[PDB]
Amino acid sequence: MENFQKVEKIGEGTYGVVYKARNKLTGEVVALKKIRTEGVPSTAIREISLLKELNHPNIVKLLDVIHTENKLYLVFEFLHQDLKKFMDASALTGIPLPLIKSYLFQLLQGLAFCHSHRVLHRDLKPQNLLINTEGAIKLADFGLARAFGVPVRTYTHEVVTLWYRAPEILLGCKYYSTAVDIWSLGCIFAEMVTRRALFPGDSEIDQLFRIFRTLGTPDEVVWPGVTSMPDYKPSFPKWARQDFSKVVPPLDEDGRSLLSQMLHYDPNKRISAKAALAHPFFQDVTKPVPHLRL
Ligand SMILES: Nc1nc(Nc2cccc(S(N)(=O)=O)c2)sc1C(=O)c1ccccc1
């Protein structure tokens, strides 16, 4: 606290509040997350000290982890804007496709890296995707679900966004796979394209039903084992899959094809980050510069 010259609240993360702070000594400007205890799971602190080694250009760098006074502080490299704010600022014009494509490609590179090291994000959303003036986009605020036991409620009772949650999580699957991050990224990709959230649920059931209404209620044909999942109910309504050209107009067929593969119901059929990077949609990918007003 005395090591970081005052501050400036830049939001309230999923676990606590996030601040923009300056290293009272080095003068370094960083993002500081203050995690709000009764001892702090040594297991969690250990799994954290593992994210410190995760270095990659498309992953926000975790500089230090500091436990003190029952409070936990995570020091991260600071970026000036998040994708949620950038999308709202581009809502009237839309983000140009080359930039959408560049961001998607970089995020898949970041995910391919995390996933090859057996690390899952679990909570990807526009708010935790950070961008800079150089055209880079980075994954931040990695969630460590289960962590202490089973996270499902915050302290500030701040509403949890379900818009990007994979269907297997909603159906009660106990073990998440790398596929959950691909689903979330697919939802984000669609949102950059249409400038509207793909599946804006207000509850867990509304989230699930919004997905079903668009992609069709899943069955054993498209998703083997789905009817035996924990929260699956034979009473779910049966919606026909909607024509996909109506989902993300006016995205081209290469884009629509990749998105359809990122949104497959069966986590085992869902495309991997590595395979996605080889999709035809990225044959002409470039690295444009965004117009950022800081
Ligand atoms: N690294 C990092 N940078 C951030 N910047 C930022 C983000 C939004 C607005 C503004 S600003 N200046 O007010 O325009 C700045 S946030 C963050 C996180 O590491 C993080 C931590 C928890 C949850 C999500 C990201």
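As a convention, Cβ positions derive from the backbone with ideal geometry for all residues, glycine included, and neighbour counts pool all protein chains shown. Values quoted throughout were computed directly from the atomic coordinates according to the rules given, and no laboratory measurement underlies them.
Are there trypsin sites (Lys or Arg not before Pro) in segment 212-294 that DSSP marks as loop and that have at most 11 other Cβ atoms within 10 Å, and which are they? For trypsin sites (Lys or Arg not before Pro) across segment 212-294 that sit outside H, G, I, E and B with at most 11 neighbouring Cβ atoms in 10 Å, the list reads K238, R293. Mean residue ellipticity, 222 nm, helices only, the chain: the sum of -39500 (n - 2.57) across DSSP H runs of n ≥ 4, divided by residue count and rounded to 500, is -8000 deg cm²/dmol. For segment 81-291, a crude dipole built from +1 on the beta carbon of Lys and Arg and -1 on the beta carbon of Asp and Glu, taken about the Cα centre, is about 180 debye to the nearest 20. Inter-label distance, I205 to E12: 2.7 nm, where each label sits 7 Å from its Cα along the C-beta direction. Each 10 Å bin, from zero up to the one with the longest distance, holds this percent of the alpha carbon pairs of segment 21-106: 13, 35, 29, 18, 5. Considering only the Cα atoms of segment 77-124, their convex hull presents on average a projected area of 4.3 nm². Cross-linked pairs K20/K52; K61/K269; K9/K101; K233/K269; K9/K174: Cα-Cα separations exceed 26 Å for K61/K269; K9/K101; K9/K174. In percent, rounded to a whole number, the relative contact order of segment 81-291 is 27, using alpha-carbon pairs under 8 Å and six or more apart. Taken about its Cα centre, segment 1-80 carries a charge dipole of roughly 180 debye when the Cβ of each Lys and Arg holds +1 and the Cβ of each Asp and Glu holds -1.
Placing a pseudo-label 7 Å from each Cα along the Cα-to-Cβ vector at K84 and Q242 gives an inter-label distance of 2.4 nm. Full extension of the chain segment joining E47 with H157 gains 37.1 nm, where the gain is 0.36 nm per residue of separation less the Cα-Cα distance.
Only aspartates and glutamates eight or more places from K246 in sequence, or on another chain, were considered; those with a Cα closer than 19 Å are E191, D254. The residue list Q207, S235, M1 was ranked by how far each Cα lies along the charge dipole of the chain toward its positive end, using unit charges on Cβ atoms, and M1 comes out on top.
Measuring from a point 7 Å past the Cα of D64 along Cα-to-C-beta, which residues in segment 1-32 have an amide N at less than 17 Å? Only 1-7, 19-32 pass the distance filter. All distinct Cα pairs of segment 81-291 go into the 1/r average, and the inverse of that average, the Kirkwood radius, is 17.7 Å. Which one, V159, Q283, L32, is farthest towards the positive end of the dipole of the chain when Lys and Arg carry +1 and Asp and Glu -1 on their Cβ? Checking the options against the dipole of the chain, the answer is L32.
The GluC sites (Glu not before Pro) found in segment 189-294 that occupy coil by DSSP, while having at most 10 further C-beta atoms within 10 Å, are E220.
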